[PDB]
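Novice: coords please:
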Amino acid sequence: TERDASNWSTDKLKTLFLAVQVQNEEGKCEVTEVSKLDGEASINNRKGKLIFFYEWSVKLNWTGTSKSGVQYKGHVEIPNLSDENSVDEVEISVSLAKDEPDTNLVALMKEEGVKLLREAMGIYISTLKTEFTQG
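Specialist: Numbering: from 1, shown residues only. Have a look at this structure:
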């Protein structure tokens, strides 16, 4: 039973989450605050037996402006989903534009925002495992 570097993740995932970038006012995005994956993450033996099964949920929020001239702050929350799979293909609770006239934007955020989270897998998998098994 090996532990996963959880502290390494929050630090990056949270920041990376506060790193949500914006594009055109037509399809822009801006982070407003990130909680962090709260729960228990764990990896199996390392040195070639290293696998990533985590059980935690993260809660964050964002803000995006639409060419329409409206700002909207949606919700993004992924429950106890394990990164044993693609973070992006994971189950995320997205709630943006549904209340505002961005609609088209939330879609892009689907390929950019939840995608950015794809990057979260980039560090979680790389930073944690590369460090734990030390390569």
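
Novice: Next, the contact list for residue 63, please.
Specialist: Listed by CB atoms under 8 Å, 6 or more residues apart in numbering, the contact partners of residue 63 are 29, 30, 31, 32, 71, 72, 73. The C-beta positions use only the backbone N, C-alpha and C, and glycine is treated the same way.

Novice: Let me have those residues in a markdown table, adding secondary structure and distance to residue 93 as columns.
Specialist: Below are those laid out as a markdown table (DSSP: H, G, I helix; E, B strand; the rest coil; distance: CB to CB, whole Å):
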| residue | secondary structure | distance to residue 93 |
| --- | --- | --- |
| 29 | coil | 16 |
| 30 | strand | 19 |
| 31 | strand | 16 |
| 32 | strand | 16 |
| 71 | strand | 20 |
| 72 | strand | 16 |
| 73 | coil | 14 |
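
Novice: distance between the ends of stretch 69-76?
Specialist: Stretch 69-76 has an end-to-end distance of 22 Å (criterion: CA to CA, to the nearest Å).

Novice: Kindly apply the preceding question to stretch 58-72 instead.
Specialist: End-to-end distance (CA to CA), stretch 58-72: 20 Å.

Novice: Can you report how many residues neighbour residue 129?
Specialist: Counted with other CB atoms under 10 Å, residues neighbouring residue 129 total 18.

Novice: Contact partners for it?
Specialist: With contact set as CB under 8 Å, 6+ apart, residue 129 has these partners: 43, 46, 50, 52.

Novice: For those, work out which two are farthest apart.
Specialist: Based on CB to CB, the longest span within the contacts of residue 129 runs between 46 and 52 and measures 10.7 Å.

Novice: the more surrounded of the two?
Specialist: Using other CB under 10 Å, the more surrounded residue of residue 46 and residue 52 is residue 52, with 19 against 15.

Novice: if I pick the residue nearest to residue 101 when sequence neighbours are not counted, what's in contact with it?
Specialist: Leaving aside its chain neighbours, residue 101 sits nearest to residue 68 (4.5 Å; criterion: CB to CB, 6 or more residues apart in numbering). Neighbour list for residue 68: 100, 101, 102 [criterion: CB under 8 Å, 6+ apart].
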